Protein chains: 2
Amino acid sequence: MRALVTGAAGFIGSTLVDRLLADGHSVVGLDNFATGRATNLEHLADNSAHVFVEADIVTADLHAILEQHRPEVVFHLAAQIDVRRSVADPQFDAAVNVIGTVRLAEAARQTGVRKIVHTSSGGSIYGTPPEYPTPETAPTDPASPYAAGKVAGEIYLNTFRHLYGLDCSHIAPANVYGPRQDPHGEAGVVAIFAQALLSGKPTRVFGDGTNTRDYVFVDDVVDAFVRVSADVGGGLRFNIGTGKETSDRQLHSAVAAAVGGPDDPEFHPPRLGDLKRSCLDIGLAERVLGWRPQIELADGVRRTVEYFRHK
Amino acid sequence: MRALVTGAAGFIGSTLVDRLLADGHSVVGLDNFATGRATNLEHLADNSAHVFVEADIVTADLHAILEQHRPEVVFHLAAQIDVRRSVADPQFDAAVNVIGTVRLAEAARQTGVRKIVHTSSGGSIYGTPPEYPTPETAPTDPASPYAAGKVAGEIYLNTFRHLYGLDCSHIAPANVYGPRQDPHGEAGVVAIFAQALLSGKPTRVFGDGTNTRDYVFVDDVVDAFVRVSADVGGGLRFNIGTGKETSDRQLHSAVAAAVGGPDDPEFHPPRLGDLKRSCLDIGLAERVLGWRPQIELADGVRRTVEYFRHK
Ligand SMILES: NC(=O)c1ccc[n+]([C@@H]2O[C@H](COP(=O)([O-])OP(=O)(O)OC[C@H]3O[C@@H](n4cnc5c(N)ncnc54)[C@H](O)[C@@H]3O)[C@@H](O)[C@H]2O)c1
Ligand SMILES: NC(=O)c1ccc[n+]([C@@H]2O[C@H](COP(=O)([O-])OP(=O)(O)OC[C@H]3O[C@@H](n4cnc5c(N)ncnc54)[C@H](O)[C@@H]3O)[C@@H](O)[C@H]2O)c1
Ligand SMILES: CC(=O)N[C@H]1[C@@H](OP(=O)(O)OP(=O)(O)OC[C@H]2O[C@@H](n3ccc(=O)[nH]c3=O)[C@H](O)[C@@H]2O)O[C@H](CO)[C@H](O)[C@@H]1O
Ligand SMILES: CC(=O)N[C@H]1[C@@H](OP(=O)(O)OP(=O)(O)OC[C@H]2O[C@@H](n3ccc(=O)[nH]c3=O)[C@H](O)[C@@H]2O)O[C@H](CO)[C@H](O)[C@@H]1O
C-alpha cells in the first residue's frame, strides 16, 4: 500500500514508518519538527520507498501533498502532545490537534484516501471513569485541553465518515514508552527517568507518587496501527495498552533498578491537568483486531534503558 | 448581573440582549458582523445599559475585553451557523465554533467570569438518534462539521469547568425562528419563506419536502438562556424545543397560509449534511429549570410574518 504518516519525525511515528517499510509499503513521512527529531529518520536517507515532506498540518497545502502522493491510508500522529503545554496554551493545542485534524480530513476526502487512522489518547480522554480497566464504552470526560482536542478529533473524523465515507479508526494508546522517546521532552516519564538516572541528575515524582498509568511498549502500539489500517473497526476507537497499573513511584523503582544505583526521587506538587489514574481495557482490540501487547514493563524498560546507554 | 453576549448583533443574540436589558441587567454585546446586522441593535443607540464591542472571537484580545467589563455570565452565541457552509469549509467553521469557544473560555477563566452559557445545537448534535423525541442522554453522533464543532465546544467548556471551576451549561435549541432572523441566507427556513412569499418571489424545499424539524420560537429560547444563567445545570446540556415535528412541506403551507399567497414551492436536490428528522425531548429543561415553550408554531409563524411585513 501507499501510506502517509503525519508526525513521522516523532517517537511513535518514526517507529511506525519503519514497520510499514518492513511490511513492504511505500511511506510518505510528514512533520514540521515541532517536537520531532531528524535523527529519528536519518537512517532512511537512501531508502527509495520512503519520501519525507516537511509540512505544518495547520497551514500547509495538505490537499496538494495528498494529491501528489495518493496515500491509501493516512496514519495521523502529528499533534501537540504535552498535557501541561495544553493547559498553558489551549488555543495552540486546539489549532494543531483539532484544526490540523480537520484540515487533513478535508484534504483526504478529496484525494481518494481510503482511511485515516487517528491517534486519540486512551490515557487522558476518560477522565475519572467508574471503571478501571476502562472500556471504550465508558463516556469521555476530558480534564485537560489536550484530552478535549483528542476527543474532538475523533468526533470530526466520525463526521467525515458519515459525510463522505472516508473510513476512520481511532487508536487510543495508554502511556507509550521505548526507544526514540525524547530524553529531554516535557512528557515521557520513562525517557525522563532513564535520562536523569543515567546522568546521575535529580528525579522527581508528583503528588505522593501514587498516580498510576498503563505503560505500553512502542512496538505493540505500532502493531495496533498496522492491524487497524485494514477495512475493519470503522468509526471505532481501540484502547491500546496493557490493562495493568503502575504508580509513579513503582515506575521510578523499575527504571532505577534497570539503570542501577539510587531509588530516591523528590516529591513535587501535583500538576494542573494531570489525571491521577489511568488503565485501559484492551478486550475490544483483541476481539476485533486480534491485537495483544507482547511486552511486559520489566522487559520493555530493559530494552529502553539499553537504547539510552548506546546513545 | 453584568452580562456579555457574543453574537449579539445576530437573531437570537439581539433578542437575548433585549430580554436581559428588560430584566434590568447591564449587557455588553460583542459581534464581528459576519452574519449579524447593525439594524438588529440600532434601537439600542440611546439605551443606557448596553455597550457594543466589535470583535472577532477567533482573533480579538478577549482577555482585555473581559478584564474591562468583568461580566458575570457570558452568553456565547457567536458562531458559524450554516450547516452547508460548514460542509463547504469545515476549517473555517471549526475555527469560529471550536477555536473561538476555546479562546473565550481561556479568557473567561482568567477574568473572574462565573459561568459561560454555551449555544450547542440540539437539532444537529445527535445526528440520526436512536429515538424521537430525543433526550440529552442519547449519544452525540454529528454528521456535519457544524454539528461536530458544537459537540467539541461543549467538551472544551466541560474541560475548563474541571480545570478552573469556570461553570458552563449548554443550551441546545432545535430550529429557532421568529422576528430578526435573516431572510437572505440559506439557513432560517421560516424567515426565508416569509420574506419570499411576502415579496412574491420563488421558494423551495429540498429533496421531497419530508424533512422534519422541531420549530421553537425565539422568545422561548431566550427565556431558557436566562433561566440557565443561574447556578444550575453546571456541565449539563438542555434540549430547547417543542418536541413536535413539522415537515418542510407542512411549514411552507403554514407560512403561505399566513402570508395569503400560493402554496407552490419549487423542489430542489437534497443538501449534503442536512439531517432528515429532528425532534427534542424537553423533559429535563422542564424539571430542572422550570422551562416550557409558550408559543405554538401557528402563533409563531403569524408573529414572524408580521415582523417581515413592516420591515
Ligand atoms: N507517547 C504517548 O504516551 C502517547 C500515547 C497516546 C497518544 N499519543 C499520541 O501519539 C502521537 C505521537 O506522539 P509521540 O509520543 O510520538 O510524540 P512526538 O512528539 O515524538 O511525536 C509527535 C510528532 O508530531 C509532530 N508535529 C507536531 N505538531 C505538528 C504540526 N503542526 N505539523 C506537523 N507535524 C507536527 C512533531 O514534530 C512530532 O514529530 C501524538 O498524536 C500523541 O498525542 C502519545
Ligand atoms: N437558529 C437556530 O435554529 C439555532 C438553534 C441552535 C443553535 N443555534 C446557535 O445559536 C447561535 C445564534 O445563531 P442565530 O440563529 O442567531 O444566527 P445569527 O447568524 O443571526 O447569529 C450568530 C451571530 O454570531 C456572530 N459571529 C459569527 N462569527 C463570529 C466571530 N468570529 N466573532 C464574533 N461574532 C461572530 C454573527 O455575526 C452573528 O451576529 C449560534 O451559536 C447558532 O449556532 C441556532
Ligand atoms: C493519563 C494520561 O493522560 N495519559 C496521556 C498523557 O500522558 P502523561 O501526561 O500522564 O505523561 P507523562 O509521561 O508526563 O506522565 C506519566 C506519569 O509520570 C509521572 N511523572 C512524570 C514526569 C516526571 O518527572 N515524574 C513523574 O513521576 C506523572 O506524574 C504521571 O503520573 O499524555 C501522553 C502524550 O504525551 C498520552 O496521551 C497519554 O495517554
Ligand atoms: C436539524 C438540524 O441540524 N438543525 C440545526 C440546523 O438547522 P437547519 O440546517 O435544519 O436549518 P435550515 O433553516 O437551513 O433548514 C431547516 C429545514 O428547512 C428546509 N428548508 C430550508 C431552506 C429553504 O429555503 N427551504 C427549505 O425547505 C430544510 O430542508 C430543512 O429541513 O442549524 C441551525 C443553525 O443554523 C440549528 O443549529 C439547528 O438546530
# chains A, B, ... in the order shown; residues from 1 in each chain; ligands from 1
>>> residues_near_ligand(ligand="ligand 1", cutoff="6 Å", atoms="only C-alpha atoms and all ligand atoms", output="PyMOL selection string")
chain A and resi 7-13+31-36+55-58+77-81+96+119-121+173-176
>>> interface_residues(of="chain A", to="chain B", cutoff="6 Å", atoms="only C-alpha atoms", output="number ranges by chain")
A: 142-144, 148, 152, 156, 159, 162
>>> select_by_dssp(residues="segment 102-309 of chain A", states="alpha helix (DSSP H)", output="number ranges by chain")
A: 102-108, 145-164, 189-198, 218-228, 248-259, 283-289, 297-309
>>> residues_near_ligand(ligand="ligand 3", cutoff="6 Å", atoms="only C-alpha atoms and all ligand atoms", output="list in words")
residues 81, 82, 83, 121, 122, 123, 124, 173, 174, 175, 187, 188, 189, 204, 205, 206, 211, 212, 248, 275 and 278 of chain A
>>> write_last_selection(atoms="N, CA and C atoms", output="PDB file, in the first residue's frame")
ATOM      1  N   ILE A  81       1.631  17.280  22.120  1.00  0.00           N
ATOM      2  CA  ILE A  81       1.490  16.040  22.875  1.00  0.00           C
ATOM      3  C   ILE A  81       1.497  16.282  24.385  1.00  0.00           C
ATOM      4  N   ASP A  82       1.828  17.499  24.813  1.00  0.00           N
ATOM      5  CA  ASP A  82       2.123  17.726  26.220  1.00  0.00           C
ATOM      6  C   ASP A  82       0.891  18.267  26.938  1.00  0.00           C
ATOM      7  N   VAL A  83       0.444  17.544  27.971  1.00  0.00           N
ATOM      8  CA  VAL A  83      -0.750  17.935  28.709  1.00  0.00           C
ATOM      9  C   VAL A  83      -0.553  19.315  29.345  1.00  0.00           C
ATOM     10  N   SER A 121      -6.153   9.709  22.673  1.00  0.00           N
ATOM     11  CA  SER A 121      -5.382   9.495  23.885  1.00  0.00           C
ATOM     12  C   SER A 121      -6.208   8.680  24.878  1.00  0.00           C
ATOM     13  N   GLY A 122      -6.054   7.353  24.810  1.00  0.00           N
ATOM     14  CA  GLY A 122      -6.696   6.447  25.747  1.00  0.00           C
ATOM     15  C   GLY A 122      -6.387   6.840  27.188  1.00  0.00           C
ATOM     16  N   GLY A 123      -5.192   7.403  27.402  1.00  0.00           N
ATOM     17  CA  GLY A 123      -4.756   7.793  28.731  1.00  0.00           C
ATOM     18  C   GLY A 123      -5.567   8.948  29.326  1.00  0.00           C
ATOM     19  N   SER A 124      -5.993   9.903  28.485  1.00  0.00           N
ATOM     20  CA  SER A 124      -6.485  11.167  29.011  1.00  0.00           C
ATOM     21  C   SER A 124      -7.983  11.361  28.783  1.00  0.00           C
ATOM     22  N   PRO A 173      -3.922   5.021  22.574  1.00  0.00           N
ATOM     23  CA  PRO A 173      -2.912   4.412  23.436  1.00  0.00           C
ATOM     24  C   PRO A 173      -2.999   4.919  24.872  1.00  0.00           C
ATOM     25  N   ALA A 174      -2.491   4.098  25.799  1.00  0.00           N
ATOM     26  CA  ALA A 174      -2.264   4.487  27.180  1.00  0.00           C
ATOM     27  C   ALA A 174      -0.968   5.300  27.247  1.00  0.00           C
ATOM     28  N   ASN A 175      -0.028   4.894  28.107  1.00  0.00           N
ATOM     29  CA  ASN A 175       1.245   5.595  28.213  1.00  0.00           C
ATOM     30  C   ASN A 175       2.333   4.827  27.462  1.00  0.00           C
ATOM     31  N   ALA A 187       7.198  15.588  28.426  1.00  0.00           N
ATOM     32  CA  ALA A 187       6.438  14.393  28.763  1.00  0.00           C
ATOM     33  C   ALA A 187       7.269  13.159  28.415  1.00  0.00           C
ATOM     34  N   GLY A 188       6.873  11.998  28.949  1.00  0.00           N
ATOM     35  CA  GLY A 188       7.571  10.754  28.668  1.00  0.00           C
ATOM     36  C   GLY A 188       8.450  10.342  29.845  1.00  0.00           C
ATOM     37  N   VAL A 189       7.773   9.953  30.932  1.00  0.00           N
ATOM     38  CA  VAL A 189       8.377   9.701  32.231  1.00  0.00           C
ATOM     39  C   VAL A 189       9.495   8.662  32.122  1.00  0.00           C
ATOM     40  N   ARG A 204      12.146  13.331  39.977  1.00  0.00           N
ATOM     41  CA  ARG A 204      11.012  13.711  40.801  1.00  0.00           C
ATOM     42  C   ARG A 204       9.783  12.902  40.396  1.00  0.00           C
ATOM     43  N   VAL A 205       8.889  12.703  41.372  1.00  0.00           N
ATOM     44  CA  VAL A 205       7.523  12.265  41.142  1.00  0.00           C
ATOM     45  C   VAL A 205       6.595  13.370  41.647  1.00  0.00           C
ATOM     46  N   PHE A 206       5.340  13.354  41.188  1.00  0.00           N
ATOM     47  CA  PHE A 206       4.392  14.394  41.553  1.00  0.00           C
ATOM     48  C   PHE A 206       3.408  13.857  42.591  1.00  0.00           C
ATOM     49  N   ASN A 211      -0.070   8.313  41.689  1.00  0.00           N
ATOM     50  CA  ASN A 211      -0.645   8.345  40.350  1.00  0.00           C
ATOM     51  C   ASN A 211      -0.314   7.037  39.637  1.00  0.00           C
ATOM     52  N   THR A 212      -1.271   6.494  38.877  1.00  0.00           N
ATOM     53  CA  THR A 212      -0.992   5.290  38.109  1.00  0.00           C
ATOM     54  C   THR A 212      -1.198   5.548  36.618  1.00  0.00           C
ATOM     55  N   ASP A 248       3.572   6.074  39.827  1.00  0.00           N
ATOM     56  CA  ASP A 248       4.748   6.889  39.553  1.00  0.00           C
ATOM     57  C   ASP A 248       5.949   6.350  40.327  1.00  0.00           C
ATOM     58  N   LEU A 275      -4.339  13.616  35.261  1.00  0.00           N
ATOM     59  CA  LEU A 275      -5.223  12.678  35.942  1.00  0.00           C
ATOM     60  C   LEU A 275      -4.421  11.846  36.940  1.00  0.00           C
ATOM     61  N   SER A 278      -5.071   5.893  35.416  1.00  0.00           N
ATOM     62  CA  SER A 278      -5.295   5.530  34.023  1.00  0.00           C
ATOM     63  C   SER A 278      -4.987   4.049  33.797  1.00  0.00           C
TER      64      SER A 278
END
>>> atom_distance(atom1="atom 25 (C, counted along the ligand's line) of ligand 2", atom2="atom CA of residue 242 of chain B")
25.1 Å
>>> select_by_dssp(residues="segment 53-273 of chain B", states="strand (DSSP E or B)", output="NGL selection string")
:B and (53-54 or 73-76 or 115-119 or 134 or 167-173 or 175-177 or 204-206 or 212-213 or 215-217 or 237-240 or 246-247 or 266-268)
>>> write_last_selection(atoms="N, CA, C and O atoms", output="compact mmCIF listing (two decimals), in the first residue's frame")
# COMPACT_ATOMS: atom_id res chain seq x y z
N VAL B 53 -19.29 45.97 21.49
CA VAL B 53 -17.88 45.80 21.15
C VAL B 53 -17.81 45.02 19.84
O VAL B 53 -18.32 43.90 19.74
N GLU B 54 -17.17 45.62 18.83
CA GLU B 54 -16.96 44.97 17.55
C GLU B 54 -15.66 44.18 17.63
O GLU B 54 -14.59 44.76 17.70
N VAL B 73 -21.68 36.53 33.61
CA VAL B 73 -22.12 35.47 32.71
C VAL B 73 -21.82 35.90 31.28
O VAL B 73 -22.10 37.04 30.90
N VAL B 74 -21.22 34.99 30.52
CA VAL B 74 -21.06 35.18 29.08
C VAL B 74 -22.04 34.23 28.40
O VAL B 74 -21.93 33.02 28.56
N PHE B 75 -23.02 34.80 27.69
CA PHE B 75 -23.88 34.04 26.80
C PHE B 75 -23.20 33.97 25.44
O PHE B 75 -23.02 34.99 24.78
N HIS B 76 -22.79 32.75 25.05
CA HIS B 76 -21.92 32.57 23.91
C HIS B 76 -22.74 32.11 22.70
O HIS B 76 -23.01 30.91 22.55
N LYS B 115 -19.77 32.01 34.83
CA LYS B 115 -20.40 30.99 34.01
C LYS B 115 -20.44 31.41 32.55
O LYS B 115 -20.71 32.57 32.24
N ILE B 116 -20.20 30.44 31.66
CA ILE B 116 -20.45 30.60 30.24
C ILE B 116 -21.65 29.73 29.89
O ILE B 116 -21.63 28.52 30.13
N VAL B 117 -22.68 30.36 29.33
CA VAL B 117 -23.81 29.63 28.76
C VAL B 117 -23.54 29.45 27.27
O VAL B 117 -23.61 30.41 26.50
N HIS B 118 -23.19 28.22 26.88
CA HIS B 118 -22.85 27.89 25.51
C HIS B 118 -24.12 27.64 24.70
O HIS B 118 -25.12 27.18 25.25
N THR B 119 -24.06 27.94 23.40
CA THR B 119 -25.10 27.51 22.48
C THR B 119 -24.57 26.34 21.66
O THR B 119 -23.70 26.51 20.81
N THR B 134 -35.84 13.14 21.13
CA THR B 134 -34.51 12.73 21.55
C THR B 134 -34.13 13.40 22.87
O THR B 134 -34.19 14.63 22.97
N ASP B 167 -17.79 27.74 35.37
CA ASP B 167 -19.02 26.99 35.19
C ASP B 167 -19.50 27.15 33.75
O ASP B 167 -19.13 28.10 33.06
N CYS B 168 -20.31 26.18 33.30
CA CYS B 168 -20.88 26.21 31.96
C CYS B 168 -22.16 25.38 31.95
O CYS B 168 -22.29 24.41 32.69
N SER B 169 -23.11 25.81 31.11
CA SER B 169 -24.24 24.98 30.70
C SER B 169 -24.38 25.13 29.19
O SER B 169 -23.97 26.14 28.63
N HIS B 170 -24.97 24.11 28.54
CA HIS B 170 -25.11 24.10 27.09
C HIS B 170 -26.58 24.16 26.70
O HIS B 170 -27.32 23.20 26.91
N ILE B 171 -27.00 25.30 26.15
CA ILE B 171 -28.34 25.40 25.58
C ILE B 171 -28.29 24.78 24.19
O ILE B 171 -27.51 25.22 23.35
N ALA B 172 -29.11 23.75 23.99
CA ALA B 172 -29.13 23.01 22.73
C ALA B 172 -30.49 23.15 22.07
O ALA B 172 -31.32 22.25 22.14
N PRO B 173 -30.75 24.28 21.36
CA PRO B 173 -32.06 24.51 20.74
C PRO B 173 -32.24 23.62 19.52
O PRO B 173 -31.26 23.14 18.93
N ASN B 175 -34.87 24.03 16.05
CA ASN B 175 -34.85 25.00 14.97
C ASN B 175 -35.56 26.28 15.41
O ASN B 175 -36.78 26.30 15.53
N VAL B 176 -34.78 27.34 15.63
CA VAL B 176 -35.28 28.59 16.19
C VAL B 176 -35.75 29.50 15.05
O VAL B 176 -35.12 29.56 14.00
N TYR B 177 -36.87 30.19 15.28
CA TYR B 177 -37.40 31.11 14.29
C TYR B 177 -38.06 32.28 15.01
O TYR B 177 -38.30 32.23 16.22
N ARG B 204 -38.42 27.31 -2.19
CA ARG B 204 -38.06 25.93 -2.47
C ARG B 204 -38.05 25.11 -1.19
O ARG B 204 -37.83 25.64 -0.10
N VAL B 205 -38.32 23.81 -1.34
CA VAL B 205 -37.97 22.82 -0.33
C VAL B 205 -36.89 21.93 -0.95
O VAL B 205 -36.70 21.96 -2.16
N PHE B 206 -36.19 21.16 -0.11
CA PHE B 206 -35.11 20.30 -0.57
C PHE B 206 -35.54 18.84 -0.51
O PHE B 206 -36.31 18.45 0.37
N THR B 212 -38.18 16.72 8.60
CA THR B 212 -38.88 17.34 9.71
C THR B 212 -37.89 18.10 10.60
O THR B 212 -36.71 17.74 10.69
N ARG B 213 -38.40 19.15 11.25
CA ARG B 213 -37.66 19.90 12.25
C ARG B 213 -38.60 20.19 13.42
O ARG B 213 -39.81 20.00 13.31
N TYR B 215 -39.69 23.21 15.56
CA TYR B 215 -39.65 24.66 15.45
C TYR B 215 -40.06 25.32 16.76
O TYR B 215 -41.20 25.18 17.21
N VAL B 216 -39.11 26.07 17.33
CA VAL B 216 -39.26 26.69 18.64
C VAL B 216 -39.03 28.20 18.50
O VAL B 216 -38.10 28.62 17.82
N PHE B 217 -39.89 28.99 19.15
CA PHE B 217 -39.93 30.44 18.94
C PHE B 217 -38.82 31.13 19.73
O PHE B 217 -38.49 30.73 20.84
N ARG B 237 -26.16 19.75 29.35
CA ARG B 237 -26.86 20.23 28.17
C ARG B 237 -28.36 20.20 28.43
O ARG B 237 -28.86 19.27 29.06
N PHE B 238 -29.07 21.21 27.91
CA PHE B 238 -30.53 21.25 27.94
C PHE B 238 -31.06 21.42 26.52
O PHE B 238 -30.77 22.42 25.87
N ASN B 239 -31.81 20.40 26.07
CA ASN B 239 -32.55 20.47 24.83
C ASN B 239 -33.63 21.54 24.98
O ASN B 239 -34.36 21.55 25.97
N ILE B 240 -33.71 22.42 23.98
CA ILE B 240 -34.67 23.50 23.99
C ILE B 240 -35.45 23.45 22.68
O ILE B 240 -34.93 23.80 21.62
N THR B 246 -42.45 19.09 12.33
CA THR B 246 -43.12 19.72 11.21
C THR B 246 -42.26 19.50 9.97
O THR B 246 -41.06 19.78 10.00
N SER B 247 -42.87 19.01 8.88
CA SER B 247 -42.13 18.78 7.65
C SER B 247 -41.87 20.10 6.93
O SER B 247 -42.55 21.09 7.19
N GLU B 266 -40.88 25.32 -5.20
CA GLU B 266 -40.02 24.53 -6.07
C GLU B 266 -39.41 23.40 -5.25
O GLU B 266 -39.30 23.51 -4.03
N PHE B 267 -39.04 22.31 -5.92
CA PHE B 267 -38.35 21.20 -5.28
C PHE B 267 -36.92 21.14 -5.81
O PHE B 267 -36.72 21.06 -7.02
N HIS B 268 -35.94 21.19 -4.90
CA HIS B 268 -34.54 21.20 -5.29
C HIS B 268 -33.84 19.96 -4.74
O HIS B 268 -34.38 19.28 -3.87
>>> closest_residue(among="A:18, A:186, A:264, A:220", to="residue 43 of chain A", atoms="only C-alpha atoms")
A:18
>>> closest_residue(among="B:182, B:208, B:245, B:131", to="ligand 2", atoms="only C-alpha atoms and all ligand atoms")
B:182
>>> closest_residue(among="A:277, A:228, A:249, A:262", to="residue 289 of chain A", atoms="only C-alpha atoms")
A:228
>>> residues_around(residues="residue 15 of chain B", least_positions_apart="5", cutoff="9 Å", atoms="only C-alpha atoms", output="list in words")
residues 8, 10, 20, 40, 179, 180, 218, 219 and 222 of chain B
>>> closest_residue(among="B:4, B:137, B:181, B:51", to="ligand 2", atoms="only C-alpha atoms and all ligand atoms")
B:181
>>> residues_around(residues="residue 288 of chain B", least_positions_apart="3", cutoff="8 Å", atoms="only C-alpha atoms", output="PyMOL selection string")
chain B and resi 232-233+284-285+291
>>> write_last_selection(atoms="N, CA and C atoms", output="CSV table (one decimal), in the first residue's frame")
chain,number,residue,atom,x,y,z
B,232,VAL,N,-27.1,26.5,38.2
B,232,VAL,CA,-28.0,25.4,38.0
B,232,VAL,C,-27.5,24.7,36.7
B,233,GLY,N,-27.4,23.4,36.7
B,233,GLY,CA,-27.1,22.6,35.5
B,233,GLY,C,-25.7,22.8,35.0
B,284,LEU,N,-36.1,17.5,30.6
B,284,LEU,CA,-35.0,17.9,31.5
B,284,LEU,C,-35.1,19.4,31.8
B,285,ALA,N,-35.3,20.2,30.7
B,285,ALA,CA,-35.4,21.7,30.9
B,285,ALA,C,-36.6,22.0,31.8
B,291,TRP,N,-38.5,25.4,32.6
B,291,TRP,CA,-38.7,26.0,31.3
B,291,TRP,C,-39.7,25.1,30.5
>>> residues_around(residues="residue 260 of chain A", least_positions_apart="3", cutoff="9 Å", atoms="only C-alpha atoms", output="list in words")
residues 197, 198, 255, 256, 257 and 263 of chain A
>>> closest_residue(among="B:269, B:130, B:178, B:243", to="residue 303 of chain B", atoms="only C-alpha atoms")
B:178
